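One chain comes next, on its own, written out as structure tokens in the form deposited in one PDB entry.
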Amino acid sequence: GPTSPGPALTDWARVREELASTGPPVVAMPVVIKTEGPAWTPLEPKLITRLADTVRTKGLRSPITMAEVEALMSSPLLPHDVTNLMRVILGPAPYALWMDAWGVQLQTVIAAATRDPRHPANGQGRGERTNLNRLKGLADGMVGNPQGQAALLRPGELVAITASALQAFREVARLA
């Protein structure tokens, strides 16, 4: 990633390499993790407003709306984002239905998550297994912390999260 201009996170990979190519005594021994690649995608305000507009005018049960939401929810999103996105398009009343539907959808994910310790929502470690709270961005450190969510949620969970969001949306757009 962009490390030439400025390193948001100390680029310890470079430090490693340096120390190495200079003297053997001790050396390139700093712990080089390299957690990289943001699997979530941020939404563009203007694209969100036009979705609101479309949901306003064309309706909600409208195929246009479904089409435009579907597309916008093809990329992984953080719990914070789905939540806010929905709070804006759905409105106070249906948002609740969605919240409910979304939780149900998420629950079946906690199954394929349990059924298989190899599910994309889980990690390598033994504790690294998703949970309803994680998926909802309610897990400790995620609550009201999108920055926190971006750092803790695994790509596999983001995909689950977003698909569920999209399902529950259809569930509510039609069954309403």
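Here, rigid core means the biggest group of C-alpha atoms that superpose within 1.5 Å across both forms. All residue numbers refer to positions in the sequence shown, first residue = 1.
Although not depicted, the form deposited in another entry is the subject of the following passage.
Only 41, out of 145, 41, 131, 122, shows a C-alpha shift of 2 Å or more between this form and the one not shown on alignment of the rigid core. In the other entry, the CA atoms of residue 40 and residue 145 sit closer together than in the displayed form, by at least 3 angstroms. Shown here is a form in which the CA atoms of residue 39 and residue 109 lie at least 3 Å closer together than they do in the other entry.
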